[PDB]
A.B. asks: 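My structure is below; once you've seen it, I'll send some questions.
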Number of protein chains: 2
Amino acid sequence: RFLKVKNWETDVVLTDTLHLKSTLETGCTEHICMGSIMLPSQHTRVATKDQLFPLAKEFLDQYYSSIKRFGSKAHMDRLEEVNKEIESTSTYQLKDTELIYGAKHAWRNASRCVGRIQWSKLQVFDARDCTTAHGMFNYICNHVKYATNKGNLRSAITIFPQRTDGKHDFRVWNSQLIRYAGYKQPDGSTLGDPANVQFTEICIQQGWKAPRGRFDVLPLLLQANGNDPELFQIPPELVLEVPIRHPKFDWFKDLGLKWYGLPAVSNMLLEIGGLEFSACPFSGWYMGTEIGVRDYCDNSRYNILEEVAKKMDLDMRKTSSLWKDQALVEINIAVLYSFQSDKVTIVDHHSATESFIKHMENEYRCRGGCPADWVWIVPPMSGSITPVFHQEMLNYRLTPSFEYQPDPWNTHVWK
Amino acid sequence: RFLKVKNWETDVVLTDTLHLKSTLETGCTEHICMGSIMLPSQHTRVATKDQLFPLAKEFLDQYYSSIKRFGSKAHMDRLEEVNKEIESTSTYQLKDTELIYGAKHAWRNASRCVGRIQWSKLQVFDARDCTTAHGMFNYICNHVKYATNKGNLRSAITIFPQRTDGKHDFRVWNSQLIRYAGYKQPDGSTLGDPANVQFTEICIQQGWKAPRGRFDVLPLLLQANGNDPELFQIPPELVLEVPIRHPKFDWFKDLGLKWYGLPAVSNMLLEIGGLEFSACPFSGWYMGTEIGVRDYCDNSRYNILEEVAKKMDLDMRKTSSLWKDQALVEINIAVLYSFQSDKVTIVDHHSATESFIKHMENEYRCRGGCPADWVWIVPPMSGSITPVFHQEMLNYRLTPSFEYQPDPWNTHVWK
Ligand code: HEM
Ligand code: HEM
Ligand SMILES: CNCCc1cc(F)c(F)c(OCc2cc(C)cc(N)n2)c1
Ligand SMILES: CNCCc1cc(F)c(F)c(OCc2cc(C)cc(N)n2)c1
Ligand SMILES: C[C@H](O)[C@H](O)[C@H]1CNc2nc(N)[nH]c(=O)c2N1
Ligand SMILES: C[C@H](O)[C@H](O)[C@H]1CNc2nc(N)[nH]c(=O)c2N1
Ligand SMILES: [Zn+2]
């Protein structure tokens, strides 16, 4: 029952008992593994009252077990108190402290996150008093400014009010708070970021006047209490950006690339004690590969491996001349060097995967486990030269959690 | 029931119905995914008579469905014929054709194999008449010579006689037919290949006179009909080797590395219709990364990233100077270039992963699926610049299959 996971670079073995507290399902069966499906039928988020108290109870029982006073009268009475309020309102409200705990443990439990060694150092911004798209914008700018901290980035999350009936739903329609624009071309090609081309046209549908260039920071599309969303543009001074130069190649400035400092995922659902927070944007700092490998070199993204290999003077005819590999390392050396010479917080994929193994160690000791998705933990380049490649990982689903959810423009009763 | 898998670089979708014919279990449950455990409790191989005919029946039913004459009298009578022989002997014997089919489909079903586009072009060598360690040696040399084909490598498998009672068990004790020796040092370090140090000392235990150097090709340790194994050394002329030079760096010869042409896994079990072939060595050709990334650069293997970065003139102080990445591409450019200038069959990780996606396509059309292990299919460097990174894959276990098995020196009743 109490399963073993081994490291095959160090022969270290740890025991996972944490997977017994696990509740949610994975998509795998005894006869089929889905560990490489992207948005499994489980990982995406209408829930009634009768189901709510067991979820409320289970969360409150682990939160009081956390502050060491499990079973005390404060536990017993808060149990009865929430019970009573779920009778009355068929929902309930989290204590300020229960929100910080749940938020921090949703991140802690995110099995696809390699940065979780920092899970407790998270700044929780309670925006459950917010009532308008403008109030959302104001909270979001205060988050951007705070988390950016003049390049010395800090982890944070802003939590807008919980879903209630369903038709009243706070949603940031952006996938990340800071994203570059995507414009298709008259010749069928694409300027900027091809991922966002669909969203970029929704923004222009709602009145965005596009500057039709490369790295055009998109505006926010904020939906408040189930209403129709509204465009707001983050003050340019609040969006920090890093221009990408190389420490050897003085032709790398001519490439003219740049990336924003702050990764801030905004389209996810935060679940705490059965309550569903439909808008909860959260930020940390970048691992280099997310920009240098995936962002710049994905085929359906910026796809610069073409030009980078050109200026490098590379054998670009043969597939097996590994020109793609060679230009990929130079690109990620440049993202790192640029962010670091500007005191903008960035982590390389070696340092971050070592931290996770270190993190994993503490989790198996003082918690009995650490759910981890190998498919996602392993960096997208130089896999087996980083220690996580050789680390077996048990994946399983614990709550509080971050879940995917449908994009709003497919579900919103428009007008 | 009939699950979808998507590509997120091309938006291609395929439907998997093949997973319905699946029989064996994976290790995952509805509440836990094991897709990154290395030797799962299932993937490793004493079986009685009553269980044998359903397995014999199921295999014969798909083999006759293969030659288009499913349900014919040849099918009906071969069914009765094997049934009768499993009454009489409580085992049975495969037709020469049933052995070629089962062997080819064991490979076809190997979900961790990226090379399976070639699954039908496999040369089956029937060594079920073999009775001695010398006969095993003779079959194995004929395999080495054939599969090597003067550098124009060809896929093959030699199948020694099936397990019967259990205590009579043909086993190649080597993990691969051609492997370099592993010697620990007086200072605690290691010369040669650290993986094999345990096996290298068993060979010297049984009389191997070690030339205590780097790339010393080990000798075979062959156990015949459950007997004690015996050392034989493959004629040096039959072991083809590639010295590793770089197409730019004339200091790369000075590194003095070399690798053997023929990957030939020998320690696995071949299962066909409930019959267990405990010795079945099989070979193809190398994907570059297996040598350049894993073999040369694994920490517990040859670990050359050290010296390669030195001669390259590299920033080796900082972790984030990606010196490890940079030297890893040069190393794999050199393995490829060396093998190719010698007409020794090698495939680069881009060409081989494109072939697999192409392969996957045909499998989902003319078979309804293709079991695949993402954790193993993705090359161990430059993950997301190869198309398999973006390909969802359903893993599941179909038979005929290759299974792991215990090493013999832990299970053999010695004398
Ligand atoms: C502090 C520095 C952080 C680093 C270095 C980091 C790193 C990463 C990376 C590289 C990924 C993979 C994303 C991708 O490749 O598309 C990821 C995923 C993720 N991270 Fe972290 N992250 C950090 C902070 C955070 C924070 C503050 C949260 C939440 C409060 C978080 C929760 C998550 C979640 C929910 C996922 C995705 C799981 C999924 O897709 O199902 N991370 N992280
Ligand atoms: C023809 C050229 C071939 C190529 C390019 C190729 C490539 C590969 C590679 C790179 C691996 C991963 C091994 C590792 O990383 O440790 C692998 C695994 C494997 N291959 Fe292939 N291979 C070839 C031929 C074959 C043949 C002839 C067979 C069997 C008849 C086979 C069956 C397997 C099996 C059983 C595994 C391992 C599955 C496991 O570990 O459970 N392959 N192959
Ligand atoms: C299909 N691709 C989905 C991309 C994706 C999905 C998520 F659900 C994430 F959470 C995520 O996070 C990226 C990230 C976030 C933070 C806070 C720090 C950091 N370094 N990286 C990225
Ligand atoms: C813990 N590591 C286990 C290593 C391992 C285990 C297996 F079960 C394999 F089958 C294998 O095959 C490597 C290989 C074989 C062939 C025929 C061609 C090729 N290119 N590569 C390697
Ligand atoms: C097909 C596969 O599920 C998909 O490409 C995944 C693989 N692993 C990943 N890992 C990370 N960190 N980010 C990703 O977007 C993905 N994509
Ligand atoms: C921990 C993990 O299961 C282990 O390192 C696996 C990962 N994927 C692999 N993939 C291949 N091709 N070969 C391997 O040896 C491994 N090792
Ligand atoms: Zn699984």
Side-chain angles (χ1 to χ4, degrees), chain A residues 8-9 35-36 289 292-294 297-299 305 318-329 331-332 349 353 374-391, chain B residues 7-10 35-36 38 110-118 259 263 265 284-299 301 305 322 324-337 339-340 345-360 370 372-393 395:
Chain A
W8 297 86
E9 201 223 293
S36 82
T289 47
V293 185
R294 304 300 312 289
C297 293
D298 267 10
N299 258 337
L305 283 185
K318 285 72 189 175
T319 167
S320 50
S321 58
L322 301 192
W323 60 274
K324 272 184 175 160
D325 305 69
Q326 224 160 14
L328 183 85
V329 170
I331 278 159
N332 287 263
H349 48 285
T353 53
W374 199 101
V375 167
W376 281 61
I377 293 291
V378 175
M381 75 186 285
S382 314
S384 62
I385 76 179
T386 71
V388 288
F389 185 98
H390 314 291
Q391 176 68 42
Chain B
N7 189 305
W8 297 86
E9 201 223 293
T10 69
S36 82
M38 174 106 75
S111 50
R112 293 178 161 177
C113 180
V114 75
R116 282 180 288 170
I117 202 212
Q118 288 271 43
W259 201 253
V265 171
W285 51 81
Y286 261 120
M287 191 168 62
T289 47
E290 307 177 74
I291 305 160
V293 185
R294 304 300 312 289
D295 275 329
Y296 283 153
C297 293
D298 267 10
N299 258 337
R301 296 297 309 291
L305 283 185
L322 301 192
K324 272 184 175 160
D325 305 69
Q326 224 160 14
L328 183 85
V329 170
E330 311 285 355
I331 278 159
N332 287 263
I333 290 193
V335 176
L336 291 183
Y337 174 79
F339 272 68
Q340 290 161 292
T345 312
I346 197 168
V347 64
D348 75 69
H349 48 285
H350 309 282
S351 176
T353 53
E354 175 186 23
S355 83
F356 187 76
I357 295 264
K358 213 169 170 233
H359 171 53
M360 217 154 162
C370 178
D373 192 326
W374 199 101
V375 167
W376 281 61
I377 293 291
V378 175
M381 75 186 285
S382 314
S384 62
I385 76 179
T386 71
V388 288
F389 185 98
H390 314 291
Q391 176 68 42
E392 293 167 354
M393 304 166 185
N395 196 19

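All heavy atoms count here, side chains included; hydrogens, waters and symmetry mates do not. Numbered from 1 within each chain, the chains take letters A, B, ... in sequence-line order.
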A.B. asks: Please report the shortest heavy-atom distance between B:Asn7 and B:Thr10, naming the atom on each side.
C.D. replies: OD1-N, 3.0 Å
A.B. asks: I need the minimum non-hydrogen distance between B:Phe389 and B:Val378, along with the two atoms involved.
C.D. replies: CA-CG2, 4.1 Å
A.B. asks: Please test B:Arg116 against B:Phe356 for side chain to side chain contact (heavy atoms under 4.5 Å, CB included), starting from the C-alpha separation and ending with a verdict.
C.D. replies: CA-CA 7 Å; B:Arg116 282 180 288 170; B:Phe356 187 76; 3.1 Å; yes
A.B. asks: Apply side chain to side chain contact (heavy atoms under 4.5 Å, CB included) to A:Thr319 and A:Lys324, showing your working.
C.D. replies: CA-CA 8 Å; A:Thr319 167; A:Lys324 272 184 175 160; over 6 Å; no
A.B. asks: At what distance, to the nearest 0.5 angstrom, does CD1 of B:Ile357 lie from CD of B:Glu9?
C.D. replies: 8.0 Å
A.B. asks: Say you draw a straight line from OG1 of A:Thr289 to CD1 of A:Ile331; how long is it, rounded to the nearest 0.5 Å?
C.D. replies: 13.0 Å
A.B. asks: Rounded at 0.5 Å granularity, tell me how far OH in B:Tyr337 sits from OG in A:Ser321.
C.D. replies: 13.0 Å
A.B. asks: I need the B:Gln326 CD to A:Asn332 CG distance, nearest 0.5 Å.
C.D. replies: 11.0 Å
A.B. asks: Output yes when a side-chain donor or acceptor of B:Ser351 lies under 3.5 Å from a complementary backbone atom of B:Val347, and no otherwise.
C.D. replies: no
A.B. asks: Please give me the minimum heavy-atom distance between B:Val375 and B:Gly35, naming the atom from each residue.
C.D. replies: CG2-O, 3.1 Å
A.B. asks: Do the side chains of B:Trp259 and B:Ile346 get nearer than 4.5 Å, heavy atoms only?
C.D. replies: no
A.B. asks: What I want to check is whether the side chains of B:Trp8 and B:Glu392 have a donor and an acceptor closer together than 3.5 Å.
C.D. replies: yes
A.B. asks: So, B:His390 side chain and B:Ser384 main chain: donor-acceptor pair closer than 3.5 Å or not?
C.D. replies: yes
A.B. asks: Of all the heavy-atom pairs spanning B:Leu336 and A:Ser320, show the shortest one and how long it is.
C.D. replies: CD1-O, 3.5 Å
A.B. asks: Decide side chain to side chain contact (heavy atoms under 4.5 Å, CB included) for B:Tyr296 and B:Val335; before the verdict, give the C-alpha distance in whole Å, the side-chain angles of both, and the deciding distance to 0.1 Å.
C.D. replies: CA-CA 10 Å; B:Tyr296 283 153; B:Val335 176; 3.6 Å; yes
A.B. asks: State, to 0.1 Å, how close A:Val388 and A:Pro379 come at their nearest heavy-atom pair, and which atoms those are.
C.D. replies: CG2-CD, 3.8 Å
A.B. asks: How close do A:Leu305 and A:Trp323 get, heavy atom to heavy atom, and via which atoms?
C.D. replies: O-CZ3, 3.6 Å
A.B. asks: Take A:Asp325 and A:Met381, measure what side chain to side chain contact (heavy atoms under 4.5 Å, CB included) needs, and give me the verdict at the end.
C.D. replies: CA-CA 9 Å; A:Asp325 305 69; A:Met381 75 186 285; over 6 Å; no
A.B. asks: Could you give the distance from CZ (B:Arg301) to CD1 (B:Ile291), rounded to the nearest 0.5 Å?
C.D. replies: 11.0 Å
A.B. asks: How long is the span from the OG atom in B:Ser382 to the CG atom in A:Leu322, to the nearest 0.5 Å?
C.D. replies: 7.5 Å
